[PDB]
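**Q** Fold the following and give me the result.
(chains A and B)
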Amino acid sequence: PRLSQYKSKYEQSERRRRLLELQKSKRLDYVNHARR
Amino acid sequence: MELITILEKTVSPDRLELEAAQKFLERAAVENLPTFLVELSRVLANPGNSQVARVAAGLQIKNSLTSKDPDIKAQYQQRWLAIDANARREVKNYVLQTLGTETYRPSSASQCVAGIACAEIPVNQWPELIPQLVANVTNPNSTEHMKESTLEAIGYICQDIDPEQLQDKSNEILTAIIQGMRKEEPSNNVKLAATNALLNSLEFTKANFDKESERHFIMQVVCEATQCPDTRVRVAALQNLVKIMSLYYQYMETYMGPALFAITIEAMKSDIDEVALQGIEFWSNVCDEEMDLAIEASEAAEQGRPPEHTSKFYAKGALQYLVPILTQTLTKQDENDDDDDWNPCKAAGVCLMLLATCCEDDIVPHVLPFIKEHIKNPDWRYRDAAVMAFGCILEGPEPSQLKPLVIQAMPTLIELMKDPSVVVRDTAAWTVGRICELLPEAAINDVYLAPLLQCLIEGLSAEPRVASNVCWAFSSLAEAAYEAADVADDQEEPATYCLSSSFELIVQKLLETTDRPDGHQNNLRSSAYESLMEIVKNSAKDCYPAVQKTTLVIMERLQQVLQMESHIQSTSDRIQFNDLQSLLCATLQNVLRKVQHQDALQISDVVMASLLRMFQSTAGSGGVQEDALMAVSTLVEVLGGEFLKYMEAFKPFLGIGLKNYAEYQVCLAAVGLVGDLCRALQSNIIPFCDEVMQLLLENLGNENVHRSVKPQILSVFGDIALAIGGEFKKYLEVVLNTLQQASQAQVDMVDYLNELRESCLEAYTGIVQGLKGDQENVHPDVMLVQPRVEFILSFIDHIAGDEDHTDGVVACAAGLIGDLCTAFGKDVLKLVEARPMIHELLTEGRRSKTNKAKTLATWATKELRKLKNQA
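**A** Residues are numbered from 1 along each chain as shown, chains lettered A, B, ... in the order given. Next comes the structure:
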């Protein structure tokens, strides 16, 4: 259930999730600069 | 042959023979499904048939009405409902009468009854179901199997049916469940079925709980079942208390003290791990719920308004009694360790850690005694627990109360790193790391730093369960040291941090530990590189020459192995090569993002050159065709525009990745590259748009497949839009098609519903902002979308309705509102004020959860203002 938490440190789920979030902010940046 | 013989053979081990039957029954369901299900239901109803046949027949009916794939499940239901109202009428009377006539334990009727219900209930097509199911459980003369199987049906119904369309009869469903759960019920099998049946039904008993009389009757029957002499039931009922506390917290004050308190701690104090596991959870959930409330109470106050829900601080009260039950359970370590086995011992640490964040200070005086009492116990079990407990409470008491204890705890901690038992040393590095993570000032000290740094370097050569932890301890230490150096030095990077004199020694050890053969155990490889990235990122500028060298070593490895992958012997080899590739590909994303920009270019010009050489040899198929497009993506960053040079030679590979739709996974990462290619080459991707936009529209034109994809190709259409401007006209046509149809999408495919709505929103913005202007001449392509403003606002209006609202969607929807105003100019105002829900969606966004969900929402009403003083 919480096995993710025992000895919380910080693979296929991350790098992917972590790449889109970057590909997403870069989008916000690219759009925002073009908005204002 | 006879349906009876063909079914006894679907379970025949002879591969060839099994396929025969699976294709005979398969095609029989194509030619005439109505007839099929009537005959298959007859076979299930006849007690005289063989158990195998009967079960084989019911599994056939089950797989004609449901599946794991929601889109496919929603398809078998429509196909069923379109059948003759009488054919279905016979199927239902056999499937339903079957209950009680099955000597085999898991009934097949149940999962059929279930399958048909999820399809007929919504439309009131089976008015027999509920009163016949309730009748089978409450009738005094019902056999064990009859009550059991029927409750097994209701157990599946609530679990598989649309959560909404069942509240109407929540009255009937519940009277049959709690009847099965009644102490006077002779069978434990029935009780468990019912107790498990209630667990999946509480999600709509909201109308029933709002009534004292009943709620109280439910609570008693539940708590009474926590005393059943059948562990299976004991847990099941204890599971209910956990759920009941997360949905109906507002109620629990009446029962908490006089009952729940006694029940919860008795389980934690149990000798049975199953029961123990559920009682500890009970409290960490209370701890989670009373936290989620302290946030509500903190936000509502920042508005002055009363928080809709109030906390009753139950953990704070139970603190005294919980701590000794937790700290003592920490003592039951699992000698034969498994970082995949969930047990009370590990569960107890999380609860202590959570009890520390929830109540804060109060926790300290209750754990400290056990610590100082067991910190040097001759028996490690109490010694490890004395160190584990110490760590769990480092978060969420005042930093000005733990620092002195922590400082006064360092040397003993330092020693514990030389402990005879692996377990103690494993938990010691974690504690040290947490000490470095939460209260840095004690690690970065002119007293303990030198001996501490020495402790961790040796630790990298210890056992994987220690080595893996030490790495995090290092990285947490390095981040702090960096932060303690660049508080404010006027520039972006600091001059030198107190790990500058040891950096070179530190890095090479992590470069070695990365290749330790026992790397698969306890996630060493992954953690080892993860630490190197974090320690290279967080480093003093006078460590550069040491970061260059380290970067030359990582490139050298993405070669030793990246020509490995053009010579693969086995699928084992295939697998590990990619696991190494990935780890080097990701450790690459941070070394480039660190070295001089001038330097980061030459490294990229090399790796991309090698990736270009690897793509041609393995274009067909590819083990090396997934994480490679991800390595490409970052090389497409540390060149930006400069990537144009590569584009032509790489173009076809962007494509074979795009064409490969069977392995949607590659495809997903491929479609993302396109977006990044669009932002690196603004206005040079034009001679490539057209193949790509083609390969992408074909991808969506036919169903099949699978459908995480759709939402990311849509989002990218926007990226393309922005990048290629008035060249989008060609496709804008069919683009608003997929967009149009995808907004009308309807349904944990939630979470997917939101993800899809956000994609459309992001796309709409890309097209609008894409076809409008900066330093223009005049404007006006955008108005080609003008006829859609209506739908766009009306698709966003519906988003305002769904109580879902993932704060990401509110942002992109809010941001889109801004775009339309800037394009569409005060005709939009009349359309927005016509939908009051849009006003409410912007206000919800102006309240920050995630950041710049506020900024996009604060800016859309802003634009919707000075329209009011223009015309």
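**Q** so residue B:619 makes contact with residue B:653?
**A** Yes - between residue B:619 and residue B:653 there is a contact at 6.5 Å, judged by Cβ atoms under 8 Å. In this view, the C-beta of every residue, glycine as well, is placed from N, C-alpha and C.
**Q** higher neighbour count, these two?
**A** Neighbours per residue (other Cβ atoms under 10 Å in any protein chain shown) separate residue B:619 from residue B:653, with residue B:653 holding more: 23 against 15.
**Q** Chain neighbours aside, what residue packs nearest to the more buried one?
**A** residue B:615 (4.5 Å; Cβ to Cβ, 6 or more residues apart in numbering or on different chains).
**Q** Against chain A, how distant is that neighbour?
**A** Distance, residue B:615 to chain A, using Cβ to the nearest Cβ, to the nearest Å: 19 Å.
**Q** who's in contact with that residue?
**A** Contact analysis of residue B:615 by Cβ atoms under 8 Å, 6 or more residues apart in numbering or on different chains lists B:625, B:628, B:650, B:653.
**Q** Most widely separated two among those?
**A** Greatest spacing in the contacts of residue B:615, by Cβ to Cβ: B:625 and B:650 (13.1 Å).
**Q** For stretch B:173-186, what is the spacing between the initial and final residues?
**A** Taking Cα to Cα, to the nearest Å, stretch B:173-186 runs 21 Å from one end to the other.
**Q** since we're on the nearest residue to residue B:533 once chain neighbours are set aside, how many residues are nearby?
**A** Distance criterion Cβ to Cβ, 6+ apart; nearest residue to residue B:533, sequence neighbours excluded, is residue B:590 at 4.2 Å. Look at residue B:590: counted by other Cβ under 10 Å, it has 18 neighbours.
**Q** so which helix or strand takes in residue B:590?
**A** Using DSSP states H and E, residue B:590 maps to helix B:571-591.
**Q** a markdown table for the contacts of residue B:615, including secondary structure?
**A** Shown next, in a markdown table, are the contacts of residue B:615 (DSSP: H, G, I helix; E, B strand; the rest coil):
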| residue | secondary structure |
| --- | --- |
| B:625 | coil |
| B:628 | helix |
| B:650 | helix |
| B:653 | helix |
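**Q** contacting residues for the residue of chain B found nearest chain A?
**A** Residue nearest to chain A within chain B (Cβ to the nearest Cβ): residue B:346, separated by 4.3 Å. Applying Cβ under 8 Å, 6+ apart, we find residue B:346 in contact with A:3, A:6.
**Q** do the one 4 residues further on as well
**A** Applying Cβ under 8 Å, 6+ apart, one finds that residue B:350 lies in contact with A:2, A:5-6, B:284, B:392.
**Q** rerun at 6 Å
**A** Contacts here follow Cβ atoms under 6 Å, 6 or more residues apart in numbering or on different chains; on that basis residue B:350 touches A:2, A:5-6.
**Q** in which helix or strand would I find it?
**A** Assigned by DSSP H and E, residue B:350 belongs to helix B:344-359.
**Q** Please point out which parts of the helix or strand that comes right after that helix sit buried.
**A** Using DSSP H and E, the helix or strand that follows helix B:344-359 in sequence is helix B:364-374. Using 16 or more other Cβ atoms under 10 Å in any protein chain shown as the test for burial, helix B:364-374 gives B:364, B:366-367, B:370-371, B:374.
**Q** Please enumerate residues in contact with helix B:364-374?
**A** Contacts of helix B:364-374 (Cβ under 6 Å, 6+ apart): B:323, B:327, B:382, B:386, B:389-390, B:393, B:397.
**Q** Need the three-state assignment for the residue nearest to residue B:357 when sequence neighbours are not counted.
**A** Among residues not flanking residue B:357 along the chain, residue B:396 sits closest, at 3.8 Å (Cβ to Cβ, 6+ apart). Under three-state DSSP, residue B:396 falls in the coil class.
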